[PDB]
Amino acid sequence: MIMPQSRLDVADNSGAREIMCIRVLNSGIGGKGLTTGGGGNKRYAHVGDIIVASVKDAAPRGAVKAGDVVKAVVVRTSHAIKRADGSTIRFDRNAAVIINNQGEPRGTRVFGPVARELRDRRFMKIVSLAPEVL
Amino acid sequence: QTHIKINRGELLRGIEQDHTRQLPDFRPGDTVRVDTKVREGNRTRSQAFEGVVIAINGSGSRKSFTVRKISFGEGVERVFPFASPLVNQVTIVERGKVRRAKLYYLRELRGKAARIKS
Amino acid sequence: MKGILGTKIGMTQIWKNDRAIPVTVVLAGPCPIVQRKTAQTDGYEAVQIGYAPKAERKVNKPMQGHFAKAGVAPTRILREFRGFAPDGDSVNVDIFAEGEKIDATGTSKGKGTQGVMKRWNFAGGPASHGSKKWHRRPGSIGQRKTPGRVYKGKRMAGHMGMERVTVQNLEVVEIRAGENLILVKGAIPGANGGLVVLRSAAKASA
Amino acid sequence: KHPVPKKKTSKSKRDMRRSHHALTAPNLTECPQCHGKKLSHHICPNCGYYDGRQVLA
Amino acid sequence: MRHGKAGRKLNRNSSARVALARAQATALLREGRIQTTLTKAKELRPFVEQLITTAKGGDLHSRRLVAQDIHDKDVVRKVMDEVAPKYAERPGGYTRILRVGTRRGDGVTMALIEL
RNA sequence: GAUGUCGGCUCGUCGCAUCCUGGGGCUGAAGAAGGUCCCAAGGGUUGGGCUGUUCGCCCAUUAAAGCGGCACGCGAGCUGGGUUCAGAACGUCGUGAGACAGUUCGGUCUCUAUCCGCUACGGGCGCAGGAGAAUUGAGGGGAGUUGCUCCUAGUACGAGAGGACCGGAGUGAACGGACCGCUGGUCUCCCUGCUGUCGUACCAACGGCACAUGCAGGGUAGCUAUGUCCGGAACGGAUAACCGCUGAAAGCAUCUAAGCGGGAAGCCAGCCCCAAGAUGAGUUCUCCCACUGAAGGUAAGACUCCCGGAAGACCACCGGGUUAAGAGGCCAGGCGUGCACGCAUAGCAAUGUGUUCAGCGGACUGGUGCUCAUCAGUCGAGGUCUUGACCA
RNA sequence: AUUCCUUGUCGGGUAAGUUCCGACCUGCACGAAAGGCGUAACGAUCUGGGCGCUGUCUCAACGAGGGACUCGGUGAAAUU
RNA sequence: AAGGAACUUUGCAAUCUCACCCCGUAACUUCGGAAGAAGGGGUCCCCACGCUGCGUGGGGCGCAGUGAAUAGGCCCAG
Ligand SMILES: CC[C@H]1OC(=O)/C=C/[C@H](C)[C@@H](O[C@@H]2O[C@H](C)C[C@H](N(C)C)[C@H]2O)[C@@H](C)C[C@@H](C)C(=O)/C=C/[C@H]2O[C@@H]2[C@@H]1CO[C@@H]1O[C@H](C)[C@@H](O)[C@@H](OC)[C@H]1OC
Ligand SMILES: [Ca+2]
Ligand SMILES: [Ca+2]
Ligand SMILES: [Ca+2]
Ligand SMILES: [K+]
Ligand SMILES: [Mg+2]
Ligand SMILES: [Mg+2]
Ligand SMILES: [Mg+2]
Ligand SMILES: [Mg+2]
Ligand SMILES: [Mg+2]
Ligand SMILES: [Mg+2]
Ligand SMILES: [Mg+2]
Ligand SMILES: [Mg+2]
Ligand SMILES: [Mg+2]
Ligand SMILES: [Mg+2]
Ligand SMILES: [Mg+2]
Ligand SMILES: [Mg+2]
Ligand SMILES: [Mg+2]
Ligand SMILES: [Mg+2]
Ligand SMILES: [Mg+2]
Ligand SMILES: [Mg+2]
Ligand SMILES: [Mg+2]
Ligand SMILES: [Mg+2]
Ligand SMILES: [Mg+2]
Ligand SMILES: [Mg+2]
Ligand SMILES: [Mg+2]
Ligand SMILES: [Mg+2]
Ligand SMILES: [Mg+2]
Ligand SMILES: [Mg+2]
Ligand SMILES: [Mg+2]
Ligand SMILES: [Mg+2]
Ligand SMILES: [Mg+2]
Ligand SMILES: [Mg+2]
Ligand SMILES: [Mg+2]
Ligand SMILES: [Mg+2]
Ligand SMILES: [Mg+2]
Ligand SMILES: [Mg+2]
Ligand SMILES: [Mg+2]
Ligand SMILES: [Mg+2]
Ligand SMILES: [Mg+2]
Ligand SMILES: [Mg+2]
Ligand SMILES: [Mg+2]
Ligand SMILES: [Mg+2]
Ligand SMILES: [Mg+2]
Ligand SMILES: [Mg+2]
Ligand SMILES: [Mg+2]
Ligand SMILES: [Mg+2]
Ligand SMILES: [Mg+2]
Ligand SMILES: [Mg+2]
Ligand SMILES: [Mg+2]
Ligand SMILES: [Mg+2]
Ligand SMILES: [Mg+2]
Ligand SMILES: [Mg+2]
Ligand SMILES: [Mg+2]
Ligand SMILES: [Mg+2]
Ligand SMILES: [Mg+2]
Ligand SMILES: [Mg+2]
Ligand SMILES: [Mg+2]
Ligand SMILES: [Mg+2]
Ligand SMILES: [Mg+2]
Ligand SMILES: [Mg+2]
Ligand SMILES: [Mg+2]
Ligand SMILES: [Mg+2]
Ligand SMILES: [Mg+2]
Ligand SMILES: [Mg+2]
Ligand SMILES: [Mg+2]
Ligand SMILES: [Mg+2]
Ligand SMILES: [Mg+2]
Ligand SMILES: [Mg+2]
Ligand SMILES: [Mg+2]
Ligand SMILES: [Mg+2]
Ligand SMILES: [Mg+2]
Ligand SMILES: [Mg+2]
Ligand SMILES: [Mg+2]
Ligand SMILES: [Mg+2]
Ligand SMILES: [Mg+2]
Ligand SMILES: [Mg+2]
Ligand SMILES: [Mg+2]
Ligand SMILES: [Mg+2]
Ligand SMILES: [Mg+2]
Ligand SMILES: [Mg+2]
Ligand SMILES: [Mg+2]
Ligand SMILES: [Mg+2]
Ligand SMILES: [Mg+2]
Ligand SMILES: [Mg+2]
Ligand SMILES: [Mg+2]
Ligand SMILES: [Mg+2]
Ligand SMILES: [Mg+2]
Ligand SMILES: [Mg+2]
Ligand SMILES: [Mg+2]
Ligand SMILES: [Mg+2]
Ligand SMILES: [Mg+2]
């Protein structure tokens, strides 16, 4: 449950370190890079959901500067996330990893763990930079 | 309504012992939940989760425990149904001395010296 | 066509091939075939059928004659199923299978007189910026002179719940045949202990 | 604001509200022990019985 | 709505509906029977009835549990030493209600609660 | 002798000159993507910055971000930013008092619904005897949105780049119904911790007040969403624009002049809910019978009264009422809190340890005749006539 | 607080700024005790932004108490 | 719950902060002030030691020690 205005933390070494949401999309990877669409009224981002976001606060030196409109994917909800077995996960803090219109990450590494759902949701290479799934 | 004379809980208990699994006694010790991640292809990966246990909940096929770890500098909790087929088994790293049944207060202590006893 | 009656026992957790699946448990107890109604005699095709047993001191003489006509120890409840033309009596076992979709009808747990925010999802008013009707209340109800009235079928505070409700296409997780139990994926309308009618899917979903 | 009634009500129309103000007679019963007067599932007020004496009177 | 709540507001707040039932329980045990509104008697029953099952314990713990609801040391000794031992045969039927007439100031049906 | 004004909010409902989706003709229509006209009003039509704004510009998305009507819909429904009462200021006009549809800061929006309309719920009578139950469905309401991906298929088409219709499968969004197993919320006294003070003579141990819980920490049932399950349909019939078959008025040609087939998110039906006050009052099963003198005792059956209820403002509805487990208590179990009091021990003590997975206990599952459902009263049939048939 | 045209033009802040800050000046219609420009401190003054925190909101829920409901007692009003 | 002004004319309302001790505090200034700037730390119980209820130390319990009540939200710019 991310919605616009909600700041997130950034899980990558691309220069940004603090993005504010600005839009919640409903698209994903689909053989031509990112799909468009899903409708235009979905109101909460879950892990594995793409969002758009302004880059409020960024590290000097580094590939993404403040004010940049950006398409991150969220990797860490404080909101709980449930599995088909019945397992639940929750992380203490909300965080996302900025990407580009192929879905590839923009930094050279991910920081902290990432939800296993990104593997379902086909972000095959953000999972690769990730120290742990779960 | 429909006032059949019947023991309701007994009928619930009887379609539920078949989905109940008993675990080693713990309270909030420390724990290795050696578990299963078959989401990795058609093959079965194994992973393990080790942290302080902060809650027991429910009864019968509804029992769950809440463990709480810190991976890579970011606090994480997780909730395991005892009779989940993705919980292979559980064992106690080390017993802890505590005065509650919950430990929610541990969430905002989040630091090395703010740690469960013995 | 196929149907039977039962009581709503409760809702628990259960695994099937390693995926948790909430289930409502229903007692689909044996159902005697009381009255049997043909179009040739009664102008339409259906079968009457009964459920909770009832001690005969508690029974009307006319109802005793109705059950005695067929030869059935009297039951507290009776219902009809159109098109269902069985033979013998109606056990849970024989007429359902693992994995049929089936419609599940029951009587909604009833919630009294409710406001428009609960009964109909109204927005209700701002809770600040000075405004009595600080929530809860319906707003405008009409236009003005040249509609002249308020609309029929309008939406306003009323008796919410306590209604008949079908739920389409619930899945049959398990049949424990001998005990007359039946597990069913998801949530049947009603309350524990209540009457429920399990029936074929009304829609032949492809 | 301030709703107020529009015309006076007719004697006919007001009396047919009151169509429902009829008091229900108590269903009284005869005390098997005292002389008479008793209200059901209650003590007999005169003698005090409710199978023997209860209240003092 | 209230699909399974038990208990009564007695057009009274939390602090009072206890200090009622404590004060009424003290009088029933101090008097054997009392006469009160039919409703307060219906709520008074299970509280006093549980309270004397506490005293059927005999030991000091049960005495001090009774003491935290009943602050008159005499009635405490009466229930603890006189009545509860008298009832130690008695699977819980320790109270009955009769309901008397109907009063005249407010027209409220009233009733007896006795042992 | 008063029809309250802009804008916002809240509720909707209607037109179609259709923004999306659906079906068609022509195209300077290869495909793909479009243009434009015809039919189509079922449903859908996003969140934000600036401004009182309506409009409009921008942000970021969308299938789409339609136009209007309903006193420029809606102030006995709410605001009160704009404006249009007194104060005050600037600019400008006026010698002045004062002044403009110029700006600017401030500035009382009136507890009780009588009738109709509307949402829910009863009472009466009616429905040619008095009753307990099961129902047909006249008729009426609800619902109706859409994307993305995959197979067909890198196929038809196209120099290439690109790249389909048709048919089939999967997964969402928003909406809605139900539900509480799951994840959480709350659970005003169910459990525990804590401070000041007052009390139970003192110690120990407890109670009150500090909120209408003193504060904190958890929390069962219930209720609840952000939580979960299900849905929108498939098939059919008649159609719109349109597409065709047989074919004349004209030995040609023509979808038409008789006639006939196809053809939409629309119409009717199918899905869910109400429904015989459908006064046209329907059908079926079962019961009580033919009493006495419009009545009165009674049958079948109900009600009144009590004890309760996942029913509920009241009524109504369901269950139990001694041939009784209905509710409470009591027993056992669950679940919640988290190891009681007392005693012993260790320590100068604060405290620690043991006895003790202890103690305590709302609403949960059963069992149990300890409590109360005692006694009893009040109602409630004798069935109109006419015509037809069939047996008397 | 004066500017009609006007959301003047550039820049700042914002993802986006008719508001606001800074320049510019073409001042409809500033201007020197109806005082002109400045000023630290002061302000229940007015205007714009930021941090913190929040049921203000997405989008409402559950709980409490006082009314609203029921019964016994007393029993109005505007209006017609 | 997750979110945190997305509400709105306006953060209006309602949070937040809160008392005393210690450390530390900017532009700018009429050299007084801005200033309680901002910020960070302490707060209970026992014992021993020094001093005139403090202080130094050691130990103890709780999620928490102005343990409940009274008792600032702050900053930049006009
Ligand atoms: C807020 C409550 C008070 O309502 C008003 O102020 C004004 C109400 C209405 C709306 C308005 O009518 C409107 O007029 C417009 C010009 C036209 C309009 N359209 C229909 C076209 C019409 O709607 C009035 C001018 C007309 C009339 C009734 C009247 O003059 C009323 C006088 C006031 O008493 C009342 C009320 C009592 O509250 C008072 O409040 C004070 C502060 C307290 O001290 C109280 O005790 C002393 C009490 O003082 C009396
Ligand atoms: Ca009325
Ligand atoms: Ca009254
Ligand atoms: Ca929170
Ligand atoms: K439960
Ligand atoms: Mg039972
Ligand atoms: Mg602890
Ligand atoms: Mg209810
Ligand atoms: Mg609201
Ligand atoms: Mg009219
Ligand atoms: Mg008005
Ligand atoms: Mg009262
Ligand atoms: Mg006496
Ligand atoms: Mg006991
Ligand atoms: Mg108690
Ligand atoms: Mg007039
Ligand atoms: Mg008027
Ligand atoms: Mg005007
Ligand atoms: Mg048209
Ligand atoms: Mg088209
Ligand atoms: Mg094309
Ligand atoms: Mg918009
Ligand atoms: Mg409109
Ligand atoms: Mg006009
Ligand atoms: Mg208007
Ligand atoms: Mg009006
Ligand atoms: Mg104003
Ligand atoms: Mg002049
Ligand atoms: Mg003011
Ligand atoms: Mg004002
Ligand atoms: Mg009011
Ligand atoms: Mg009032
Ligand atoms: Mg007839
Ligand atoms: Mg009849
Ligand atoms: Mg019909
Ligand atoms: Mg009609
Ligand atoms: Mg192939
Ligand atoms: Mg292929
Ligand atoms: Mg080719
Ligand atoms: Mg297709
Ligand atoms: Mg939903
Ligand atoms: Mg709903
Ligand atoms: Mg819960
Ligand atoms: Mg308490
Ligand atoms: Mg003491
Ligand atoms: Mg104590
Ligand atoms: Mg006192
Ligand atoms: Mg006092
Ligand atoms: Mg307080
Ligand atoms: Mg609490
Ligand atoms: Mg032809
Ligand atoms: Mg045709
Ligand atoms: Mg056809
Ligand atoms: Mg069709
Ligand atoms: Mg469709
Ligand atoms: Mg008739
Ligand atoms: Mg008669
Ligand atoms: Mg009888
Ligand atoms: Mg009843
Ligand atoms: Mg009964
Ligand atoms: Mg008896
Ligand atoms: Mg028995
Ligand atoms: Mg127990
Ligand atoms: Mg010692
Ligand atoms: Mg019980
Ligand atoms: Mg201007
Ligand atoms: Mg800029
Ligand atoms: Mg600008
Ligand atoms: Mg604004
Ligand atoms: Mg303004
Ligand atoms: Mg300027
Ligand atoms: Mg001047
Ligand atoms: Mg001058
Ligand atoms: Mg001056
Ligand atoms: Mg100046
Ligand atoms: Mg002043
Ligand atoms: Mg400000
Ligand atoms: Mg802003
Ligand atoms: Mg409520
Ligand atoms: Mg009087
Ligand atoms: Mg008068
Ligand atoms: Mg924040
Ligand atoms: Mg807005
Ligand atoms: Mg805003
Ligand atoms: Mg203002
Ligand atoms: Mg304020
Ligand atoms: Mg200096
Ligand atoms: Mg200085
Ligand atoms: Mg200042
Ligand atoms: Mg500690
Ligand atoms: Mg501390
Ligand atoms: Mg305090």
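Chains as they are written, first to last, in the deposited numbering: chain H, 1 to 134; chain M, 2 to 119; chain B, 1 to 206; chain Z, 3 to 59; chain K, 1 to 115.
The C-beta atom is built at its ideal place from N, Cα and C for all residues, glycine as well.
Distance cut-off 6 Å: B/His129 Cβ against heavy atoms of ligand 9: no
For M/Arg40, return the contacting residues in chain H, with the cut-off set at a CB-CB distance below 8 Å. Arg116, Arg119 and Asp120
With distances taken Cα to Cα, identify the nearest neighbour of B/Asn92 among B/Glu179, B/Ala204 and B/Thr146. B/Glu179
Can you give me the start and stop residues for the beta strand (DSSP E) that M/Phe66 sits inside? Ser65 to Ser72
Sort B/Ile182, B/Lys109 and B/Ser200 by Cα distance to residue 212 of chain B and report the nearest one. Missing from the structure shown is residue 212 of chain B; chain B here goes from 1 to 206 and no further.
Nearest-angstrom Cβ-Cβ length linking M/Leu104 and M/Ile55, presumed shorter than 8 Å: 4 Å
CA-to-CA distance, B/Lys133 to H/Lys82, given in whole angstroms: 39 Å
Below 7 Å between beta carbons is the criterion; list the residues of the segment 70-88 of chain M that meet it against any residue of chain H, in chain order. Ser72, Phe73, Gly74, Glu75, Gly76, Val77, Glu78, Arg79, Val80, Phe81, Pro82, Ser85, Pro86 and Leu87
Starting from H/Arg93, find everything on chain M with Cβ-Cβ shorter than 9 Å and list it in chain order. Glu75 and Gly76
Quick one: what's H/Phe91 bridged to in DSSP? M/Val77
Going by CA-CA distance only, name the one from B/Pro62, B/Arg144, B/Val150 and B/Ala52 that's closest to B/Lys8. B/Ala52
What residues from chain H crowd round B/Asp18, counting only those whose CB sits closer than 9 Å? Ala84 and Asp85
For K/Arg96, which beta-bridge partners are listed by DSSP? K/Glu114
Using a Cβ-Cβ cutoff of 9 Å, what residues of the segment 20-43 of chain Z are near chain K? List them in chain order. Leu41 and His43
DSSP bridge partner residues for Z/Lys39 (one or two, in chain order): Z/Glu32
Relative to the C-alpha of M/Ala84, which residue among B/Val184, B/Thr166 and B/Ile14 is closest? B/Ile14
Report yes if the CB atom of B/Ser200 is closer than 7 Å to the CB atom of B/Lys69, and no otherwise. no
Run through chain M and tell me which residues come within less than 8 Å of H/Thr77, C-beta to C-beta. The contacting residues do not exist; H/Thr77 stays about 11 Å from chain M at best.
Under the criterion of a Cβ to heavy atom distance below 6 Å, does K/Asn13 qualify as lining ligand 12? no
Identified DSSP bridge partners for Z/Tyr51: Z/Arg55
Residues that B/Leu181 contacts on chain M, provided the C-beta gap is smaller than 9 Å: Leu12, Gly15 and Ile16
So, are the CB atoms of B/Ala104 and B/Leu170 less than 7 Å apart? yes
Specify, as a first and last residue, the run of the beta strand (DSSP E) that residue 237 of chain B falls within. Residue 237 of chain B is absent from the model: chain B starts at 1 and stops at 206.
What is the chain-ordered set of residues for which the beta carbon lies under 6 Å from any non-hydrogen atom of ligand 7? M/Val99, M/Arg100 and M/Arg101
Interface residues of chain Z around K/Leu29 at Cβ under 8 Å? Residues of chain Z passing the Cβ test: none, with the nearest at roughly 20 Å.
With a cut-off of 8 Å, do at least 3 Cβ pairs link the segment 42-55 of chain H to the segment 5-24 of chain H? yes
Does any C-beta atom of chain Z lie closer than 7 Å to the C-beta of K/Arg33? no
Alpha-carbon spacing of Z/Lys13 relative to K/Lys40, whole angstroms: 44 Å
Indicate whether B/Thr75 and B/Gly50 have their beta-carbon atoms separated by less than 7 Å. yes
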